[PDB]
Each structure stands twice: as structure tokens, then as C-alpha cells.
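Below is protein.cif, which holds mmCIF, C-alpha atoms; chains and numbers go by the auth columns.
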data_input
#
loop_
_atom_site.group_PDB
_atom_site.id
_atom_site.type_symbol
_atom_site.label_atom_id
_atom_site.label_comp_id
_atom_site.label_asym_id
_atom_site.label_seq_id
_atom_site.Cartn_x
_atom_site.Cartn_y
_atom_site.Cartn_z
_atom_site.B_iso_or_equiv
_atom_site.auth_seq_id
_atom_site.auth_asym_id
ATOM 1 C CA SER A 1 -29.650 -5.832 37.009 0.00 22 I
ATOM 2 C CA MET A 2 -28.148 -2.409 37.061 0.00 23 I
ATOM 3 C CA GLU A 3 -25.584 -3.629 39.674 0.00 24 I
ATOM 4 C CA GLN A 4 -24.372 -6.462 37.297 0.00 25 I
ATOM 5 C CA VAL A 5 -23.842 -3.826 34.589 0.00 26 I
ATOM 6 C CA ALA A 6 -21.895 -1.475 36.979 0.00 27 I
ATOM 7 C CA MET A 7 -19.761 -4.514 37.956 0.00 28 I
ATOM 8 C CA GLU A 8 -19.172 -5.359 34.292 0.00 29 I
ATOM 9 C CA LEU A 9 -18.164 -1.731 33.527 0.00 30 I
ATOM 10 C CA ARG A 10 -15.488 -1.943 36.392 0.00 31 I
ATOM 11 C CA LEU A 11 -14.171 -5.250 34.978 0.00 32 I
ATOM 12 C CA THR A 12 -14.007 -3.633 31.554 0.00 33 I
ATOM 13 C CA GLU A 13 -12.083 -0.700 32.876 0.00 34 I
ATOM 14 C CA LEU A 14 -9.743 -3.050 34.853 0.00 35 I
ATOM 15 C CA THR A 15 -9.217 -4.927 31.586 0.00 36 I
ATOM 16 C CA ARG A 16 -8.423 -1.599 29.922 0.00 37 I
ATOM 17 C CA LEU A 17 -5.822 -0.752 32.570 0.00 38 I
ATOM 18 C CA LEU A 18 -4.317 -4.335 32.544 0.00 39 I
ATOM 19 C CA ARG A 19 -4.018 -4.163 28.759 0.00 40 I
ATOM 20 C CA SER A 20 -1.892 -1.018 29.051 0.00 41 I
ATOM 21 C CA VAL A 21 0.147 -2.696 31.907 0.00 42 I
ATOM 22 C CA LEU A 22 0.651 -5.809 29.729 0.00 43 I
ATOM 23 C CA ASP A 23 1.846 -3.663 26.836 0.00 44 I
ATOM 24 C CA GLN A 24 4.324 -1.862 29.043 0.00 45 I
ATOM 25 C CA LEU A 25 5.688 -5.148 30.523 0.00 46 I
ATOM 26 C CA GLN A 26 6.017 -6.712 27.144 0.00 47 I
ATOM 27 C CA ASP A 27 8.096 -3.715 25.889 0.00 48 I
ATOM 28 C CA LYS A 28 10.596 -4.720 28.617 0.00 49 I
ATOM 29 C CA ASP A 29 11.138 -7.942 26.586 0.00 50 I
ATOM 30 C CA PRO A 30 12.453 -6.623 23.311 0.00 51 I
ATOM 31 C CA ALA A 31 14.015 -9.958 22.369 0.00 52 I
ATOM 32 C CA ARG A 32 10.524 -11.588 22.561 0.00 53 I
ATOM 33 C CA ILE A 33 11.864 -14.378 24.743 0.00 54 I
ATOM 34 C CA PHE A 34 8.534 -14.472 26.673 0.00 55 I
ATOM 35 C CA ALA A 35 6.145 -13.724 23.817 0.00 56 I
ATOM 36 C CA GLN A 36 4.902 -17.231 23.154 0.00 57 I
ATOM 37 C CA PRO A 37 4.605 -20.583 25.008 0.00 58 I
ATOM 38 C CA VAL A 38 7.706 -22.660 25.275 0.00 59 I
ATOM 39 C CA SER A 39 7.336 -25.130 22.322 0.00 60 I
ATOM 40 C CA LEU A 40 6.724 -28.749 23.481 0.00 61 I
ATOM 41 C CA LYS A 41 7.964 -29.893 20.059 0.00 62 I
ATOM 42 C CA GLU A 42 11.315 -28.161 20.692 0.00 63 I
ATOM 43 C CA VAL A 43 11.475 -28.758 24.516 0.00 64 I
ATOM 44 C CA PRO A 44 9.673 -32.104 24.788 0.00 65 I
ATOM 45 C CA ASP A 45 10.480 -32.606 28.526 0.00 66 I
ATOM 46 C CA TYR A 46 9.310 -29.082 29.509 0.00 67 I
ATOM 47 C CA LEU A 47 6.253 -30.134 31.506 0.00 68 I
ATOM 48 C CA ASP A 48 8.376 -32.564 33.540 0.00 69 I
ATOM 49 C CA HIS A 49 10.172 -29.389 34.850 0.00 70 I
ATOM 50 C CA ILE A 50 7.534 -26.647 34.770 0.00 71 I
ATOM 51 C CA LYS A 51 4.006 -27.402 35.957 0.00 72 I
ATOM 52 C CA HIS A 52 2.250 -24.176 35.103 0.00 73 I
ATOM 53 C CA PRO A 53 3.740 -22.709 31.886 0.00 74 I
ATOM 54 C CA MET A 54 3.010 -19.091 31.084 0.00 75 I
ATOM 55 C CA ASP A 55 3.821 -16.487 28.425 0.00 76 I
ATOM 56 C CA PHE A 56 2.606 -13.113 27.183 0.00 77 I
ATOM 57 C CA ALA A 57 0.313 -14.481 24.415 0.00 78 I
ATOM 58 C CA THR A 58 -1.458 -16.799 26.890 0.00 79 I
ATOM 59 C CA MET A 59 -1.920 -13.793 29.295 0.00 80 I
ATOM 60 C CA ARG A 60 -3.333 -11.715 26.473 0.00 81 I
ATOM 61 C CA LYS A 61 -5.937 -14.420 25.664 0.00 82 I
ATOM 62 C CA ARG A 62 -7.042 -14.484 29.291 0.00 83 I
ATOM 63 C CA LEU A 63 -7.051 -10.687 29.400 0.00 84 I
ATOM 64 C CA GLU A 64 -9.278 -10.306 26.355 0.00 85 I
ATOM 65 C CA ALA A 65 -11.760 -12.807 27.729 0.00 86 I
ATOM 66 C CA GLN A 66 -11.901 -10.487 30.832 0.00 87 I
ATOM 67 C CA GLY A 67 -10.400 -13.385 32.752 0.00 88 I
ATOM 68 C CA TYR A 68 -8.422 -11.331 35.291 0.00 89 I
ATOM 69 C CA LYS A 69 -10.740 -10.373 38.246 0.00 90 I
ATOM 70 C CA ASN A 70 -8.119 -8.210 40.007 0.00 91 I
ATOM 71 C CA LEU A 71 -4.442 -7.161 39.641 0.00 92 I
ATOM 72 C CA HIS A 72 -3.242 -9.964 41.979 0.00 93 I
ATOM 73 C CA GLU A 73 -4.366 -12.642 39.425 0.00 94 I
ATOM 74 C CA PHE A 74 -2.539 -10.766 36.601 0.00 95 I
ATOM 75 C CA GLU A 75 0.616 -10.460 38.690 0.00 96 I
ATOM 76 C CA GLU A 76 0.467 -14.160 39.481 0.00 97 I
ATOM 77 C CA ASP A 77 0.711 -14.970 35.752 0.00 98 I
ATOM 78 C CA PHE A 78 3.527 -12.402 35.189 0.00 99 I
ATOM 79 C CA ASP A 79 5.462 -13.903 38.054 0.00 100 I
ATOM 80 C CA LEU A 80 5.055 -17.420 36.513 0.00 101 I
ATOM 81 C CA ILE A 81 6.679 -16.191 33.313 0.00 102 I
ATOM 82 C CA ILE A 82 9.733 -15.028 35.270 0.00 103 I
ATOM 83 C CA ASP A 83 9.918 -17.773 37.865 0.00 104 I
ATOM 84 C CA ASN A 84 9.470 -20.665 35.326 0.00 105 I
ATOM 85 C CA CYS A 85 12.379 -19.247 33.291 0.00 106 I
ATOM 86 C CA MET A 86 14.649 -18.804 36.279 0.00 107 I
ATOM 87 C CA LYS A 87 14.111 -22.428 37.241 0.00 108 I
ATOM 88 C CA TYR A 88 14.406 -24.085 33.757 0.00 109 I
ATOM 89 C CA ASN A 89 17.369 -22.035 32.639 0.00 110 I
ATOM 90 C CA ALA A 90 20.712 -21.702 34.322 0.00 111 I
ATOM 91 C CA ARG A 91 22.037 -18.405 35.671 0.00 112 I
ATOM 92 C CA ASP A 92 24.585 -17.981 32.870 0.00 113 I
ATOM 93 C CA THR A 93 22.025 -18.019 30.036 0.00 114 I
ATOM 94 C CA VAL A 94 20.488 -15.318 27.915 0.00 115 I
ATOM 95 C CA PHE A 95 17.061 -16.631 28.981 0.00 116 I
ATOM 96 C CA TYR A 96 17.649 -16.346 32.755 0.00 117 I
ATOM 97 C CA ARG A 97 19.248 -12.963 32.338 0.00 118 I
ATOM 98 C CA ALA A 98 16.264 -11.771 30.253 0.00 119 I
ATOM 99 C CA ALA A 99 13.926 -12.816 33.072 0.00 120 I
ATOM 100 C CA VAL A 100 15.918 -10.912 35.691 0.00 121 I
ATOM 101 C CA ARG A 101 15.804 -7.754 33.596 0.00 122 I
ATOM 102 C CA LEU A 102 12.073 -8.179 32.958 0.00 123 I
ATOM 103 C CA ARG A 103 11.401 -8.630 36.678 0.00 124 I
ATOM 104 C CA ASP A 104 13.467 -5.573 37.584 0.00 125 I
ATOM 105 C CA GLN A 105 11.973 -3.349 34.907 0.00 126 I
ATOM 106 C CA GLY A 106 8.430 -4.589 35.366 0.00 127 I
ATOM 107 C CA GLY A 107 8.548 -3.778 39.100 0.00 128 I
ATOM 108 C CA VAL A 108 8.241 -0.059 38.389 0.00 129 I
ATOM 109 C CA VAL A 109 5.190 -0.538 36.125 0.00 130 I
ATOM 110 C CA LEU A 110 3.461 -2.851 38.594 0.00 131 I
ATOM 111 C CA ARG A 111 4.124 -0.519 41.517 0.00 132 I
ATOM 112 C CA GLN A 112 2.153 2.286 39.824 0.00 133 I
ATOM 113 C CA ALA A 113 -0.538 -0.079 38.507 0.00 134 I
ATOM 114 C CA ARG A 114 -1.323 -1.131 42.073 0.00 135 I
ATOM 115 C CA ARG A 115 -1.673 2.525 43.105 0.00 136 I
ATOM 116 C CA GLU A 116 -4.014 3.142 40.053 0.00 137 I
ATOM 117 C CA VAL A 117 -6.144 0.100 40.813 0.00 138 I
ATOM 118 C CA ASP A 118 -6.634 1.183 44.491 0.00 139 I
ATOM 119 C CA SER A 119 -7.000 4.890 43.504 0.00 140 I
ATOM 120 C CA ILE A 120 -9.683 4.433 40.748 0.00 141 I
ATOM 121 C CA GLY A 121 -11.168 1.530 42.816 0.00 142 I
#

Can you turn what I pasted into C-alpha cells?
Amino acid sequence: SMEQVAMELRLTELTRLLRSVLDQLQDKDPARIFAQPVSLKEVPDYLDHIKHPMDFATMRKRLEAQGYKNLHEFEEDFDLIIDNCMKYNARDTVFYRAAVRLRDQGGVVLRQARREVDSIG
């Protein structure tokens, strides 16, 4: 149908906007602490601590499969990145501190993204 196509064009444009949002959030992580999945070879107990691991490469795979239906789903995954880190790592660590800074800096980007998603529909 023509409606299914219209729908698919919206999803494609949402994917376009989320790609730009993901790029902006990932620039707030210049140390690349959140770039890839925590290695289960190097942290063999990780899944005993963290039940839903997340990282920027995993988000990008979902993104490029047009797997985010709305901004809320995308934000859920960004929040997992931050919240997993803040639980696994203690307050006095470079990892925890990197998450705090990512959360704080990403807030600005996500504030305007929400406005853009509502605005453009």
C-alpha cells in the first residue's frame, strides 16, 4: 500500500535523525569507554551483575536495521549504557565518572531531539 510506504519513509527519516543523535552522543565519549560490548572473555562474571548489556556498536546495529520505532526505545538503550556502568563500577573509577559525564552531556542532545521528533512528527 501507499500508507505502508509513507510509514516506511517516516521510519527512515527517524532513523536518519537517530543516526545524527547517536553520532553526537558518541562524541561525548572520547575515550571510547562505551564503544563496544563489555568483553565476556575479560569480565567473565559480567552477566551475573548486568542483565541487559548495551553499548554504542550494539545500538548502531539496531539503528541500521531500522530497529528503533520511536525515540523512547533509543533512549532506553542509551540509558542502559549509563546505568549498567554506574552499577558495575564504583564511584571512584574512570568508568563511572565517564558515564556521569556522558549522561550530563547527552541530556542536552536528547532534549532537542525530542523537540525535533515531535516537531517534524

Tell me, as a PyMOL selection string, which residues lie within 12 Å of residue 60 (chain I), counting all atoms listed in the file; anything in the same chain fewer than 5 positions away does not count. chain I and resi 54-55+65-68+74-76

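CA of residue 99 (chain I) is found 8.1 Å from CA of residue 77 (chain I).
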
What does the PyMOL selection byres ((chain I and resi 101) around 12) select in this file, as a ChimeraX atom specification? /I:55,58,71-77,79-80,94-100,102-109,120,124

Quick one: everything within 12 Å of residue 91 (chain I), counting all atoms listed in the file, minus sequence neighbours fewer than 5 positions away in the same chain. Send it as a list in words.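 Answer for this query is residues 31, 32, 33, 34, 35, 36, 38, 39, 84, 96, 97, 98, 134, 135, 138, 139 and 142 of chain I.
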
Might you spell out which residues the PyMOL selection byres ((chain I and resi 46) around 9) would select in the displayed file, as a list in words?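 Applied to this file, the PyMOL selection byres ((chain I and resi 46) around 9) selects residues 41, 42, 43, 44, 45, 47, 48, 49, 50, 99, 123, 126, 127, 130 and 131 of chain I.
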
To one decimal place in Å, what is the distance between CA of residue 132 (chain I) and CA of residue 92 (chain I)?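 If I compute the distance from CA of residue 132 (chain I) to CA of residue 92 (chain I), I get 11.0 Å.
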
One decimal, in Å: what's the spacing between CA of residue 62 (chain I) and CA of residue 110 (chain I)? 17.6 Å

Rebuild region 59-70 of chain I so that it carries N, CA and C atoms, then output the result as an mmCIF file, in the frame of the given file.
data_model
loop_
_atom_site.group_PDB
_atom_site.id
_atom_site.type_symbol
_atom_site.label_atom_id
_atom_site.label_comp_id
_atom_site.auth_asym_id
_atom_site.auth_seq_id
_atom_site.Cartn_x
_atom_site.Cartn_y
_atom_site.Cartn_z
ATOM 1 N N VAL I 59 6.594 -21.757 25.588
ATOM 2 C CA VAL I 59 7.706 -22.660 25.275
ATOM 3 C C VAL I 59 7.135 -23.833 24.417
ATOM 4 N N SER I 60 7.760 -24.073 23.265
ATOM 5 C CA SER I 60 7.336 -25.130 22.322
ATOM 6 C C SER I 60 7.605 -26.585 22.875
ATOM 7 N N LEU I 61 6.565 -27.411 22.971
ATOM 8 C CA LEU I 61 6.724 -28.749 23.481
ATOM 9 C C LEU I 61 7.277 -29.614 22.382
ATOM 10 N N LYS I 62 7.226 -29.158 21.122
ATOM 11 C CA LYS I 62 7.964 -29.893 20.059
ATOM 12 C C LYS I 62 9.436 -29.714 20.226
ATOM 13 N N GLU I 63 9.884 -28.486 20.496
ATOM 14 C CA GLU I 63 11.315 -28.161 20.692
ATOM 15 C C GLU I 63 11.921 -28.429 22.098
ATOM 16 N N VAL I 64 11.071 -28.392 23.136
ATOM 17 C CA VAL I 64 11.475 -28.758 24.516
ATOM 18 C C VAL I 64 10.488 -29.822 25.015
ATOM 19 N N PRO I 65 10.682 -31.075 24.533
ATOM 20 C CA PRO I 65 9.673 -32.104 24.788
ATOM 21 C C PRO I 65 9.504 -32.492 26.271
ATOM 22 N N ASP I 66 10.535 -32.299 27.084
ATOM 23 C CA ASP I 66 10.480 -32.606 28.526
ATOM 24 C C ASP I 66 9.950 -31.422 29.376
ATOM 25 N N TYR I 67 9.486 -30.324 28.748
ATOM 26 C CA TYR I 67 9.310 -29.082 29.509
ATOM 27 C C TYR I 67 8.364 -29.284 30.710
ATOM 28 N N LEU I 68 7.300 -29.995 30.488
ATOM 29 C CA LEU I 68 6.253 -30.134 31.506
ATOM 30 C C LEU I 68 6.672 -31.057 32.643
ATOM 31 N N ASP I 69 7.763 -31.829 32.471
ATOM 32 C CA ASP I 69 8.376 -32.564 33.540
ATOM 33 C C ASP I 69 9.063 -31.598 34.551
ATOM 34 N N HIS I 70 9.445 -30.411 34.070
ATOM 35 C CA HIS I 70 10.172 -29.389 34.850
ATOM 36 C C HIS I 70 9.208 -28.313 35.380
#
